[PDB]
Amino acid sequence: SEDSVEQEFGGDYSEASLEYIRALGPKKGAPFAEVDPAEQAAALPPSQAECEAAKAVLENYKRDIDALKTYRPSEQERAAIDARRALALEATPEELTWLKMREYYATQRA
Amino acid sequence: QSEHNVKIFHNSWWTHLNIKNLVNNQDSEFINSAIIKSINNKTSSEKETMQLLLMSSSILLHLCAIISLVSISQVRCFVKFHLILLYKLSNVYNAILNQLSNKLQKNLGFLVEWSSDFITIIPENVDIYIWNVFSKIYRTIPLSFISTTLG
Amino acid sequence: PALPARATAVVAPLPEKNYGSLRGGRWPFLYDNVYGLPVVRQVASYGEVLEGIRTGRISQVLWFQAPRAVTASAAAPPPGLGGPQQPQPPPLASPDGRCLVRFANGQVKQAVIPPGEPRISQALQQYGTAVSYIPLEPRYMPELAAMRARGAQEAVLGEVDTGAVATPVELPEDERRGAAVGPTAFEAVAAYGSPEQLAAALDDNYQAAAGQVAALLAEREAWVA
Amino acid sequence: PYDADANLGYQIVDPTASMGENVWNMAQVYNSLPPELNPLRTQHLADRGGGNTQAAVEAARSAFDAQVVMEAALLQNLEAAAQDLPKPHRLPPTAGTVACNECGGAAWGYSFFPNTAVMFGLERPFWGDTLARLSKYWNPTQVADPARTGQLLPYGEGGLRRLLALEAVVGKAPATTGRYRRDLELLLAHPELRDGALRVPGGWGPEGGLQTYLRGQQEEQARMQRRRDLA
Amino acid sequence: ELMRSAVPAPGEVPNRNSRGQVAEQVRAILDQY
Amino acid sequence: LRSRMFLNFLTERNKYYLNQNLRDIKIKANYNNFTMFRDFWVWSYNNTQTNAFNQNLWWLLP
Amino acid sequence: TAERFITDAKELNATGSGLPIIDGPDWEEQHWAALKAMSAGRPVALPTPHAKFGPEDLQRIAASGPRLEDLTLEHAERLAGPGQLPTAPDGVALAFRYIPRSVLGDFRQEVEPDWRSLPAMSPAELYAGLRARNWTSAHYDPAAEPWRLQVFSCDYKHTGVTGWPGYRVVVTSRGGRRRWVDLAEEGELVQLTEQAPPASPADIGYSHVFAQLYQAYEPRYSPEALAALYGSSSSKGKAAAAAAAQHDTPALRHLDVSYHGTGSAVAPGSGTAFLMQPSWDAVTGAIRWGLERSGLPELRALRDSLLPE
Amino acid sequence: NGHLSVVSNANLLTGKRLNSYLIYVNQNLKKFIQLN
Amino acid sequence: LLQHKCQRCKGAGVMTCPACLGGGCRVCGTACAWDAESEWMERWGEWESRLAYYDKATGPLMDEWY
Amino acid sequence: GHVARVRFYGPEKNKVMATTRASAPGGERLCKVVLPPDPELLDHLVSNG
Amino acid sequence: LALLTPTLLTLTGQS
Amino acid sequence: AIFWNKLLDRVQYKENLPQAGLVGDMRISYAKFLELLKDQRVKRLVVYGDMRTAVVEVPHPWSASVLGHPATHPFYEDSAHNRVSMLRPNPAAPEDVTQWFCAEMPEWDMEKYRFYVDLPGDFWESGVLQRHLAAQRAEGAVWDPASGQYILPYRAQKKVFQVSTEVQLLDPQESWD
Amino acid sequence: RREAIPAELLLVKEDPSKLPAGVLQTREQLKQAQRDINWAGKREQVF
Ligand SMILES: [Zn+2]
Ligand SMILES: [Zn+2]
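Thresholds applied
- Residues numbered from 1 in each chain as written, not as in the entry; some residues may be left out.
- Chains lettered and ligands numbered in written order.
- Part of a larger assembly, values for the part shown.
- Heavy atoms only, no water.
- Helix = DSSP H or I, 4+ residues; strand = E, 2+ residues; numbered from the N terminus.
- Buried < 20%, exposed > 50% of the residue type's maximum accessible area, 1.4 Å probe, protein only.
- Pairing = 2+ DSSP bridges.
- Axes fitted to C-alpha atoms, helices over the stretch in contact; angles between N-to-C directions.
- Donors = N, O, S within 2.8 Å, 3.2 Å for Na, K, Ca; no water.
- Parallel < 35°, antiparallel > 145°, perpendicular 65-115°, else oblique.
- Contact = heavy atoms within 4.5 Å.
- Nonpolar A, V, L, I, M, F, W, Y, C, P; charged D, E, K, R; others polar.
- Buried area = accessible area lost by both parts, 1.4 Å probe.
- Salt bridge = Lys/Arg side-chain N within 4 Å of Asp/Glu carboxyl O.
- Polar contact = N/O pair within 3.5 Å; in protein donor to acceptor, adjacent residues only side chain to side chain.
- Tetrahedral: all angles 85-135°; square planar, octahedral: opposite > 155°, others 65-115°.

The PDB entry annotates chain I as DnaJ originating from Chlamydomonas reinhardtii.

Per the PDB entry, chain G goes by the name Ctap1 and belongs to Chlamydomonas reinhardtii.

1. Some points on unusual backbone geometry
Not every positive phi belongs to a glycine, and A33 of chain A is a case in point at roughly 60 degrees. Position of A33 of chain A among the secondary structure elements: in the loop between α2 (15–22) and α3 (37–40). The class for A33 of chain A is buried, based on a relative accessible area of 11%. Look at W13 of chain B: it is not a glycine, yet its phi comes out positive at around 50 degrees. Mapping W13 of chain B onto the fold places it in the segment before α1 (20–23).

2. Concerning the sheet that holds strand β1 (residues 44–47) of chain L
Residues and elements named next belong to chain L. The strand order β3-β2-β1-β6 describes an open sheet built from 4 strands, whose pairing is mixed. Pairing within the sheet leaves two strands with one partner each, and these edge strands are β3 (112–118) and β6 (166–169). Each strand axis lies, on average, 20 degrees off the axis of its neighbour in the sheet, ignoring direction. Here β1 runs beside β6; their pairing, made up of 4 bridges, is parallel. Looking at β6, one finds that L45 is bridged to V167.

3. Focus on the coordination of the zinc ion (ligand 2)
Distances from the zinc ion (ligand 2) to its protein donors, namely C17 of chain I (SG), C20 of chain I (SG) and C28 of chain I (SG), fall within the range 2.3 to 2.4 Å. What makes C17 of chain I buried here is its relative accessible area of 6%.

4. So, the packing of helix α4 (residues 48–69) of chain A against helix α5 (residues 195–224) of chain C
α5 of chain C packs onto α4 of chain A with a crossing angle of 180 degrees between their chain directions and a minimal axis gap of 10 Å. One finds that α4 of chain A runs roughly antiparallel with respect to α5 of chain C. Facing α4 of chain A, whose interface residues are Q48, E50, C51, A54, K55, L58, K62, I65, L68 and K69 of chain A, α5 of chain C presents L198, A199, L202, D203, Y206, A210, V213, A214, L216, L217, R220 and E221 of chain C. Split by residue class, the contact of α4 of chain A with α5 of chain C holds 14 nonpolar, 1 polar and 7 charged.

5. Details of the interface of chain G and chain C
Every contact between the two is made by 78 residues of chain G and, on the other side, 76 residues of chain C. Together, the buried faces of chain G and chain C total about 7000 Å²; carbon and sulfur atoms form 60% of this surface. In this structure, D23 of chain G and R148 of chain C form a salt bridge, with 3.3 Å as the shortest nitrogen-oxygen distance. Where chain G meets chain C, there are 25 residue pairs in polar contact. Each residue belonging to the side of chain G that touches chain C can be placed in one class, and the counts come to 40 nonpolar, 23 polar and 15 charged. In this structure, strand β1 (residues 8–9) of chain C lies alongside strand β2 (residues 44–45) of chain G, joined through 2 bridges in antiparallel fashion. Following the sheet pairing, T8 of chain C is matched in β2 of chain G by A45 of chain G.

6. Details of the coordination of the zinc ion (ligand 1)
Around the zinc ion (ligand 1), the protein contributes the donor atoms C100 of chain D (SG), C103 of chain D (SG), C6 of chain I (SG) and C9 of chain I (SG), which lie 2.2 to 2.3 Å from the metal centre. Its 4 donor atoms give the zinc ion (ligand 1) angles of 93 to 132 degrees at the centre, a pattern that matches the tetrahedral case. Placement of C103 of chain D in the loop between β1 (97–99) and β2 (108–110) and of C6 of chain I in the loop between β1 (3–5) and β2 (14–16) is noted, with the two residues assigned to different chains. Taking relative accessible area as the criterion, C103 of chain D reaches 1% and is therefore assigned buried.

7. Section: the pairing of strand β1 (residues 3–9) of chain J
All names here are of chain J. For β1 and strand β2 (residues 15–20), the ladder comprises 6 bridges, and the chain directions are antiparallel. Paired with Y9 across the two strands is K15, which belongs to β2. Hairpin connection from β1 to β2: 5 residues lie between these consecutive antiparallel strands, with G10 at a positive phi of about 105 degrees.

8. Here's the deal with the interface of chain E and chain I
Contacts between chain E and chain I engage 6 residues on the former and 4 residues on the latter. Across the chain E/chain I interface, buried area totals approximately 440 Å², and carbon plus sulfur atoms make up 77% of it. If you sort the residues of chain E by the area they bury against chain I, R19, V26 and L30 of chain E come out on top, with a joint share of 78%. In this structure, the connection of chain E to chain I is made through 1 salt bridge. Here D55 of chain I and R19 of chain E are joined by a salt bridge, their closest N and O atoms 3.9 Å apart. Counting across the chain E and chain I interface gives 0 residue pairs in polar contact.

Okay, here's the thing in structure tokens:
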């Protein structure tokens, strides 16, 4: 513990004036043109933890992005993409959202 | 029992404002019908008489009010002052804009009046103009009235 | 993904009916056009609903609703005084009084009842027949007006072009409305492309993420210094 | 407080000059607002963290001005109703009323026709007439008798089910004020809180009023008693 | 206590002062001399 | 007495929470002690208290 | 009326950032082009049922009628995505169920007659005729023919000429012939449970008429039910008597009442509404919009003058 | 008592909105996080 | 002289919802900002705090203390 | 029974001047009242003398 | 207007 | 004064509109006002000239009864300076403090909100105020012949937080505009 | 690829003679209703 008012005053007074003074507001803030601690606490950005954590996720991103660059599709999903692009050109937007509702009600019903 | 005092200060502070446009979020038709409906409904060509009576009474009331108002001397002072002000301001505007207008064509005191009587400073061709315009506006009232009433 | 039906025929419209409560009934199809749901064809009168309620043959009534324009709300100073915007006024009951009535034997009919009527109010209260309101559909709701405006403004499918396919493609997941029912740009470019497009695009979006985080940390160190 | 600017300035106004002077002094530098909403206090810091330090204070200034304008409007309406004039501001309905269908909710208007009842001073309805009207509206009559007509029940619905404790002494229990029950109990468990030396801020919930003082007292006595346990 | 009026009196209502009136009082007493 | 008054004002202002430096500029402003356009504006506003024309003055201050 | 939060990866997969919004003709115009092509005789596309029915459903719907369940769809709009905050590792969506307006077919309220060429009836006559078919009254008789009442309320009252106050009743009788009554001017305020003429037969306004319409629909019990609830010394005997009691409503043999609103043919903000009721705010805002479209690029002349500044 | 006025067909307000959708989903997710 | 009043509401402009005079009614208006009785002393606290600033009832004593 | 007289005055007679008996708090006073439309006041007035 | 006043006075409900 | 004090508020009638207990958008709704009226929380109703607008006066909950809550200013104190309280534990319904009986505080000692309300155009012919007046004025003292004594019944006393309503109507002719 | 549904599951089956007494509107009635809708359309503009 040992917070502000008993550091500045502390032995300045008995324990009675401790409570006496403690009951009149947190410190001094917006009602007094100041900048409160809680409102200023947002005016500080994150620390270097942000820095090298985001650098680490950047390195993981590079790792997996070159993993993607060395990727190539399979033969079955390739014919699947064939059929999917076929249906994509050979339908109307109405039937598009129709089968979209079909997919949604399929995932919902099970 | 105490005694109260007259308050001469920021008195009521809320009539200083015209806030109707803020409160009604901008950024009288059932009336003129219930009236005519009533006089049609309650009292062989009688409704037309009642309606003509109503319209004549209303127009006459407004005209009598205005004439009775301007029949007061100080109100004549008021209107005279406003007339000389508007005359001078129109003169300023006229000079400025006519001068800039023929420039674009190139491209392609107060007391002498305020202390004198009204008719000696105004010409007569002005009132003749007013009268001619009035006459030309209202010169078709008899024919319109006759045609309206007679089928 | 089976493509749905696509048929066409000539049909004769049904004879117009006037049940007293509503007129119409010239629809010879069991479903509707823009939606895919069954249209009702049996309507109820005033005394019919009143008696169904009094005898208990009706279980629950549902009303339609309306948007309730914001200017007609008294929960905050009016918009025009300049205060922060308020979320939304709750929606009103049906001004025209449409309602779907639900019977004890699974039948659902349509009727017209004005909300707040004298006799029905008392009957509903005395017999406790359930009452409820049918929420608004997203194409009419005012909070989804941007979504519907975009749905009528956007384009359906994106375009893939590597020089040999010209494939219509999905939209990114951050903007994809419906689902993944077609091909992704990833698959469309990797199976119908070359390592050229793969390398270029993935290099650029990776460096885009890198520059995102680099601007983050650069502004951090510009702040602290 | 004159230096913390928590109160209005030293000699911004005194009531013996001119309201003309007193305004100018008021609108010099944002003296028409308290500090907590003044943007001069916050114009120096606005960062990546929240983005609310300069936005969530403008979003409070706005509600402030809206409430002030609403007070002005309500007072104009009260002044128009102190006389018998029609109120100038037509506010939307509220939780017990609907809008008039005959008019739009606009309740009056100007018409170019002189409203003879105001000119001849016949506006208000002569108390006895209203008495007769209300007395004949609250006393309907039943001219038919259940003898011939086979109706022995009064009007309404569910009559058969319509006809199936200490309300005759103390009576009803008021259900609008349960939210204070707890507090009253505390006010009975600690009589010392009834002395004039204590002046609690006020409120009902655990985060307001008497419970704040109770929590402070109990936590501080336990805290410093455990402080006694260290030595 | 049965035949008491429950309407106190025109008299036994003590004064209570608004904010402007306490300001008037504080001025007229601070410069009483 | 001076103490009580301070405690009261302090708690009343500090009731705010129960839910650069400003003095630099709040000293620096033209206050009419109870430089050219101020007195004109004041005298015009005080000589136009009764009419509606006064309204146009309101849009001329900072 | 109860909604749901969605945190389920496989479910967010089928939706994403929120289901598409169906669009087309608004609920009151869907059946125009189809019906006109129908009567013209050209081949018109078939409607395709919703993607939630399947083979067994279409068999149930075309057999005995649709259920309430066959109409309630749902919608899901996705909130913050996968990498935002804990307890929502992939994202969350709002799911709410609802029925659309399109379920109602080409059904509309009764059309407004032409009140000029239609015979009229006095309101006192309607009051007497409603007292005739009101079994709670003293002037009831079981011989009167059934009456169909359609009560219209005007809707173009505030837009354009010819609006009217009050209500307009249209009475249809056995012969199939129609008359109308002009129940403007609510005559004298009476309570719903009021049985007395107003002592001046010119004082009949919709107050008395709606009093009679509310009284005519009172349920009539047989006196045996009354004896059962009355004489039985038992308590739950009286309860079972009041539960097993029946009734009859003569109003189902004499009256059928319908409420309608005479819809308008002018939009409250359209152009043909400005010619009928010219004003000053109208023209001001109109040329304001005009300059916003045409010469509000003076908002760019702002910057064009701020370059020489 | 009561009144029996009825319109023919309600005018759903169809015929800026970004703030509407914003505040909408913001309050929705605020409720979500405040659930548990 | 020219002011006329709607005769059905008598210039009120607003009629009663009887459904409430005796999850609720959905025809009659949006509840006002002060219907929440459990928010009364909080709003009053904020407002009296804001009003404490403008106050100059104790102006002379504060002035001579300064 | 602490008022002796009431006199309905005004062009529409909604205000009454009331005379307070000596048996009233504060002795005799003349007090003006504006009344609501209450159809029960006349009986209460007469049946108390 | 005094001739028309008994007719117009029904807009308030009075005599 | 007896003359002047009257005449002055005729000429200066706009200065006497309530400015103390009304702060911002201080409207209540007609249903909220009706609810407050039915359960006896309204101290003074002030119906205005046109009879279509009212200013409800509602005491602060702690300034309503004479409970010695440490939020009321110490108006009434003992010798040992402890505020007084007037509770009575409701022998019929104990165990619930909100159903206890207590005296009401003098009106000139209450802190009051002054809410605004628009009345509907059929407020007088619906009989809500008449029903309330009749309900609260139809109960008084009694004589008990069983125990031979005068008696103030329990249903004629104020529970905690309840006050007696005072309806006051203003005169439109008292304005002198 | 497509899927096929019978068209006889989507066309509703009705019975004109199995309807109540005056539910079906004759020729003169529909002509009157059409004239009335035209009048409702052009009335305000004519006036
Ligand atoms: Zn109205
Ligand atoms: Zn209600």
